[PDB]
Structures are given as C-alpha cells and as structure tokens.
Amino acid sequence: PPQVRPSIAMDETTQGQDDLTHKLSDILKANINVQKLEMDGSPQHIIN
Amino acid sequence: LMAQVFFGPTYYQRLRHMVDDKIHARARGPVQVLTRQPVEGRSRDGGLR
RNA sequence: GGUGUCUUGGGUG
C-alpha cells in the first residue's frame with residue numbers, strides 16, 4: 001500500500017514518490033516490455 | 001570568615017551555550033509520515049529517543 | 001484542522 005511508500009512535499013505544491021514507488025514503476029515498464037516480445041517478433045537476443 | 005579567600009580579577013568568556021536554547025519539553029505533537037513516531041528535533045517540537 | 005526527506009562539515013555531554 002502507499003503507506004509503506006508515502007509521498008512528501010518539497011515546495012508547498014510538489015511531491016515525489018518514494019523510492020519503492022519509482023522502483024515498482026520501473027518494474028512495470030520492464031514487465032510491459034516483456035509483454036511486447038512474446039506477442040510478436042522477438043529474435044531471441046532481445047527476450048533475454 | 002575563619003579562612004581567607006583567594007581573590008582577584010580573571011578574564012572570563014561568555015560561551016554560546018545558553019539553557020534557553022536547549023530547554024525542550026513535549027507532551028504530544030507532530031509525528032512522522034512513515035512510522036507515525038514523534039518527529040526529531042527541538043525546533044520541530046520532537047520527542048526524545 | 002492538517003508545520004516533508006537525505007548527505008557533508010563544525011561543536012556540546
């Protein structure tokens with residue numbers, strides 16, 4: 001939940017996500033890129 | 001006084017540490033976002049570890 | 001009715 005990775009306020013209107021949130025976002029990007037290889041052409045040196 | 005006293009001028013210094021810059025008390029106050037424990041700092045009205 | 005996070009340097013006990 002966001003409790004484990006709460007945001008904070010930098011100058012009265014700004015918020016950056018916690019490290020775990022950006023890490024999960026990077027994982028999601030990686031996952032979707034994986035789901036863009038087993039659905040179409042993938043010559044075995046991009047899947048790995 | 002039955003005893004005599006060593007008496008005279010000496011050069012003393014006024015140091016930066018005043019009690020009024022250190023005295024702090026806290027009953028209840030702001031907590032941390034993540035842990036929900038008292039914040040850290042005299043200026044922030046924190047609690048003692 | 002709600003006053004944010006991390007490091008560097010200098011001190012106090």
# chains A, B, ... in the order shown; residues from 1 in each chain; ligands from 1
>>> interface_residues(of="chain A", to="chain C", cutoff="10 Å", atoms="only C-alpha atoms (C1' of nucleotides)", output="MDAnalysis selection string")
chainID A and resid 7:12 15:16 18
>>> residues_around(residues="segment 20-25 of chain B", least_positions_apart="3", cutoff="12 Å", atoms="only C-alpha atoms (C1' of nucleotides)", output="PyMOL selection string")
(chain B and resi 16-17+28-29+41-48) or (chain C and resi 12)
>>> write_last_selection(atoms="N, CA and C atoms (P, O5', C5', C4', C3', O3' and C1' of nucleotides)", output="PDB file, in the first residue's frame")
ATOM      1  N   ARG B  16      28.575  30.199  23.851  1.00  0.00           N
ATOM      2  CA  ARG B  16      27.359  30.212  23.052  1.00  0.00           C
ATOM      3  C   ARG B  16      26.260  29.316  23.598  1.00  0.00           C
ATOM      4  N   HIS B  17      26.543  28.489  24.597  1.00  0.00           N
ATOM      5  CA  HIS B  17      25.572  27.508  25.077  1.00  0.00           C
ATOM      6  C   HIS B  17      24.754  28.127  26.200  1.00  0.00           C
ATOM      7  N   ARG B  28       2.422  16.096  23.490  1.00  0.00           N
ATOM      8  CA  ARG B  28       2.021  15.441  22.258  1.00  0.00           C
ATOM      9  C   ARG B  28       2.234  16.430  21.127  1.00  0.00           C
ATOM     10  N   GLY B  29       2.488  15.908  19.936  1.00  0.00           N
ATOM     11  CA  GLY B  29       2.844  16.760  18.832  1.00  0.00           C
ATOM     12  C   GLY B  29       2.863  16.060  17.497  1.00  0.00           C
ATOM     13  N   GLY B  41      13.764  16.604  16.556  1.00  0.00           N
ATOM     14  CA  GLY B  41      14.231  17.970  16.556  1.00  0.00           C
ATOM     15  C   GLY B  41      13.568  18.847  17.595  1.00  0.00           C
ATOM     16  N   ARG B  42      14.384  19.615  18.313  1.00  0.00           N
ATOM     17  CA  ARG B  42      13.862  20.628  19.223  1.00  0.00           C
ATOM     18  C   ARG B  42      13.078  21.694  18.473  1.00  0.00           C
ATOM     19  N   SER B  43      13.584  22.122  17.316  1.00  0.00           N
ATOM     20  CA  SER B  43      12.900  23.157  16.547  1.00  0.00           C
ATOM     21  C   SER B  43      11.576  22.667  15.988  1.00  0.00           C
ATOM     22  N   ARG B  44      11.447  21.368  15.754  1.00  0.00           N
ATOM     23  CA  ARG B  44      10.233  20.795  15.189  1.00  0.00           C
ATOM     24  C   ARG B  44       9.264  20.303  16.254  1.00  0.00           C
ATOM     25  N   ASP B  45       9.570  20.534  17.529  1.00  0.00           N
ATOM     26  CA  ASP B  45       8.765  20.064  18.654  1.00  0.00           C
ATOM     27  C   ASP B  45       8.728  18.539  18.708  1.00  0.00           C
ATOM     28  N   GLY B  46       9.901  17.934  18.537  1.00  0.00           N
ATOM     29  CA  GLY B  46      10.039  16.496  18.501  1.00  0.00           C
ATOM     30  C   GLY B  46      10.049  15.871  19.878  1.00  0.00           C
ATOM     31  N   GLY B  47      10.269  14.556  19.896  1.00  0.00           N
ATOM     32  CA  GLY B  47      10.408  13.798  21.118  1.00  0.00           C
ATOM     33  C   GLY B  47      11.811  13.231  21.281  1.00  0.00           C
ATOM     34  N   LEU B  48      12.085  12.753  22.494  1.00  0.00           N
ATOM     35  CA  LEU B  48      13.394  12.203  22.828  1.00  0.00           C
ATOM     36  C   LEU B  48      13.431  10.704  22.574  1.00  0.00           C
TER      37      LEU B  48
ATOM     38  P     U C  12      33.393  20.823  22.298  1.00  0.00           P
ATOM     39  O5'   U C  12      32.007  20.729  23.075  1.00  0.00           O
ATOM     40  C5'   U C  12      31.344  21.902  23.523  1.00  0.00           C
ATOM     41  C4'   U C  12      29.954  21.591  24.015  1.00  0.00           C
ATOM     42  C3'   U C  12      29.844  20.424  24.982  1.00  0.00           C
ATOM     43  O3'   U C  12      30.178  20.774  26.311  1.00  0.00           O
ATOM     44  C1'   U C  12      28.198  20.206  23.304  1.00  0.00           C
TER      45        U C  12
END
>>> atom_distance(atom1="atom CA of residue 30 of chain B", atom2="atom CA of residue 3 of chain A")
17.1 Å
>>> closest_residue(among="B:38, B:8, B:49, B:33", to="chain A", atoms="only C-alpha atoms")
B:33
>>> atom_distance(atom1="atom CA of residue 34 of chain A", atom2="atom CA of residue 48 of chain A")
9.4 Å
>>> interface_residues(of="chain A", to="chain B", cutoff="8 Å", atoms="only C-alpha atoms", output="list in words")
residues 3, 4, 5 and 6 of chain A
>>> write_last_selection(atoms="N, CA and C atoms", output="PDB file, in the first residue's frame")
ATOM      1  N   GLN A   3       1.042   3.504   2.138  1.00  0.00           N
ATOM      2  CA  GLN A   3       1.570   3.749   3.477  1.00  0.00           C
ATOM      3  C   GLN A   3       3.032   3.342   3.581  1.00  0.00           C
ATOM      4  N   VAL A   4       3.395   2.205   2.985  1.00  0.00           N
ATOM      5  CA  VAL A   4       4.772   1.741   3.025  1.00  0.00           C
ATOM      6  C   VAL A   4       5.697   2.612   2.180  1.00  0.00           C
ATOM      7  N   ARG A   5       5.150   3.385   1.242  1.00  0.00           N
ATOM      8  CA  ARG A   5       5.953   4.238   0.363  1.00  0.00           C
ATOM      9  C   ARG A   5       5.275   5.597   0.212  1.00  0.00           C
ATOM     10  N   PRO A   6       5.085   6.316   1.315  1.00  0.00           N
ATOM     11  CA  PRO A   6       4.327   7.567   1.242  1.00  0.00           C
ATOM     12  C   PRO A   6       5.112   8.650   0.529  1.00  0.00           C
TER      13      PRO A   6
END
>>> atom_distance(atom1="atom CA of residue 35 of chain A", atom2="atom CA of residue 23 of chain A")
18.4 Å
>>> select_by_dssp(residues="segment 1-44 of chain A", states="alpha helix (DSSP H)", output="list in words")
residues 19, 20, 21, 22, 23, 24, 25, 26, 27, 28, 29, 30, 31, 32, 33 and 34 of chain A
>>> write_last_selection(atoms="N, CA, C and O atoms", output="PDB file, in the first residue's frame")
ATOM      1  N   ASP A  19      11.133   5.914  -3.057  1.00  0.00           N
ATOM      2  CA  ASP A  19      11.988   5.094  -3.905  1.00  0.00           C
ATOM      3  C   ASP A  19      11.280   3.815  -4.326  1.00  0.00           C
ATOM      4  O   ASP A  19      11.391   3.397  -5.488  1.00  0.00           O
ATOM      5  N   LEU A  20      10.572   3.160  -3.402  1.00  0.00           N
ATOM      6  CA  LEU A  20       9.879   1.928  -3.772  1.00  0.00           C
ATOM      7  C   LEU A  20       8.858   2.161  -4.879  1.00  0.00           C
ATOM      8  O   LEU A  20       8.659   1.281  -5.722  1.00  0.00           O
ATOM      9  N   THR A  21       8.222   3.331  -4.922  1.00  0.00           N
ATOM     10  CA  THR A  21       7.219   3.569  -5.954  1.00  0.00           C
ATOM     11  C   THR A  21       7.855   3.682  -7.334  1.00  0.00           C
ATOM     12  O   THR A  21       7.388   3.073  -8.299  1.00  0.00           O
ATOM     13  N   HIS A  22       8.929   4.470  -7.447  1.00  0.00           N
ATOM     14  CA  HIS A  22       9.638   4.559  -8.716  1.00  0.00           C
ATOM     15  C   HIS A  22      10.244   3.219  -9.105  1.00  0.00           C
ATOM     16  O   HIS A  22      10.295   2.879 -10.295  1.00  0.00           O
ATOM     17  N   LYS A  23      10.686   2.437  -8.123  1.00  0.00           N
ATOM     18  CA  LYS A  23      11.222   1.118  -8.420  1.00  0.00           C
ATOM     19  C   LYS A  23      10.139   0.210  -8.987  1.00  0.00           C
ATOM     20  O   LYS A  23      10.371  -0.514  -9.961  1.00  0.00           O
ATOM     21  N   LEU A  24       8.941   0.252  -8.399  1.00  0.00           N
ATOM     22  CA  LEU A  24       7.826  -0.533  -8.913  1.00  0.00           C
ATOM     23  C   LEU A  24       7.423  -0.066 -10.302  1.00  0.00           C
ATOM     24  O   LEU A  24       7.042  -0.877 -11.151  1.00  0.00           O
ATOM     25  N   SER A  25       7.474   1.242 -10.549  1.00  0.00           N
ATOM     26  CA  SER A  25       7.184   1.746 -11.887  1.00  0.00           C
ATOM     27  C   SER A  25       8.191   1.227 -12.904  1.00  0.00           C
ATOM     28  O   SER A  25       7.817   0.837 -14.016  1.00  0.00           O
ATOM     29  N   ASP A  26       9.473   1.211 -12.545  1.00  0.00           N
ATOM     30  CA  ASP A  26      10.479   0.660 -13.447  1.00  0.00           C
ATOM     31  C   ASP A  26      10.235  -0.821 -13.696  1.00  0.00           C
ATOM     32  O   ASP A  26      10.399  -1.312 -14.821  1.00  0.00           O
ATOM     33  N   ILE A  27       9.825  -1.548 -12.655  1.00  0.00           N
ATOM     34  CA  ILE A  27       9.497  -2.961 -12.819  1.00  0.00           C
ATOM     35  C   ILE A  27       8.323  -3.117 -13.774  1.00  0.00           C
ATOM     36  O   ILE A  27       8.300  -4.035 -14.600  1.00  0.00           O
ATOM     37  N   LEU A  28       7.314  -2.255 -13.649  1.00  0.00           N
ATOM     38  CA  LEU A  28       6.161  -2.322 -14.547  1.00  0.00           C
ATOM     39  C   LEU A  28       6.558  -2.044 -15.990  1.00  0.00           C
ATOM     40  O   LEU A  28       6.070  -2.713 -16.912  1.00  0.00           O
ATOM     41  N   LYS A  29       7.415  -1.041 -16.216  1.00  0.00           N
ATOM     42  CA  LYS A  29       7.913  -0.812 -17.568  1.00  0.00           C
ATOM     43  C   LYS A  29       8.625  -2.045 -18.106  1.00  0.00           C
ATOM     44  O   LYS A  29       8.414  -2.441 -19.259  1.00  0.00           O
ATOM     45  N   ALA A  30       9.473  -2.670 -17.281  1.00  0.00           N
ATOM     46  CA  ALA A  30      10.165  -3.880 -17.719  1.00  0.00           C
ATOM     47  C   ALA A  30       9.178  -4.993 -18.044  1.00  0.00           C
ATOM     48  O   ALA A  30       9.329  -5.699 -19.044  1.00  0.00           O
ATOM     49  N   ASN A  31       8.160  -5.162 -17.199  1.00  0.00           N
ATOM     50  CA  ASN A  31       7.146  -6.190 -17.422  1.00  0.00           C
ATOM     51  C   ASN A  31       6.425  -5.970 -18.739  1.00  0.00           C
ATOM     52  O   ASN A  31       6.213  -6.915 -19.510  1.00  0.00           O
ATOM     53  N   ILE A  32       6.020  -4.733 -19.011  1.00  0.00           N
ATOM     54  CA  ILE A  32       5.291  -4.466 -20.244  1.00  0.00           C
ATOM     55  C   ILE A  32       6.192  -4.669 -21.452  1.00  0.00           C
ATOM     56  O   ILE A  32       5.752  -5.187 -22.486  1.00  0.00           O
ATOM     57  N   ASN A  33       7.471  -4.298 -21.345  1.00  0.00           N
ATOM     58  CA  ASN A  33       8.388  -4.577 -22.446  1.00  0.00           C
ATOM     59  C   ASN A  33       8.529  -6.078 -22.669  1.00  0.00           C
ATOM     60  O   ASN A  33       8.673  -6.527 -23.811  1.00  0.00           O
ATOM     61  N   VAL A  34       8.511  -6.865 -21.595  1.00  0.00           N
ATOM     62  CA  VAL A  34       8.475  -8.321 -21.753  1.00  0.00           C
ATOM     63  C   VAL A  34       7.203  -8.736 -22.485  1.00  0.00           C
ATOM     64  O   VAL A  34       7.234  -9.597 -23.373  1.00  0.00           O
TER      65      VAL A  34
END
>>> select_by_dssp(residues="chain A", states="strand (DSSP E or B)", output="list in words")
residues 8, 9, 15 and 16 of chain A
>>> write_last_selection(atoms="N, CA, C and O atoms", output="PDB file, in the first residue's frame")
ATOM      1  N   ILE A   8       5.929  12.868  -0.109  1.00  0.00           N
ATOM      2  CA  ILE A   8       6.339  14.004   0.713  1.00  0.00           C
ATOM      3  C   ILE A   8       6.192  15.260  -0.138  1.00  0.00           C
ATOM      4  O   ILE A   8       5.959  15.195  -1.343  1.00  0.00           O
ATOM      5  N   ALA A   9       6.340  16.414   0.504  1.00  0.00           N
ATOM      6  CA  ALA A   9       6.097  17.697  -0.138  1.00  0.00           C
ATOM      7  C   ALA A   9       7.392  18.494  -0.139  1.00  0.00           C
ATOM      8  O   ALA A   9       8.053  18.609   0.899  1.00  0.00           O
ATOM      9  N   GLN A  15       5.354  16.949  -5.087  1.00  0.00           N
ATOM     10  CA  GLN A  15       5.526  15.685  -4.396  1.00  0.00           C
ATOM     11  C   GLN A  15       6.303  14.758  -5.311  1.00  0.00           C
ATOM     12  O   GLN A  15       6.040  14.681  -6.515  1.00  0.00           O
ATOM     13  N   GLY A  16       7.267  14.068  -4.723  1.00  0.00           N
ATOM     14  CA  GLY A  16       7.981  12.989  -5.381  1.00  0.00           C
ATOM     15  C   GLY A  16       7.640  11.687  -4.683  1.00  0.00           C
ATOM     16  O   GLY A  16       7.532  11.636  -3.455  1.00  0.00           O
TER      17      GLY A  16
END
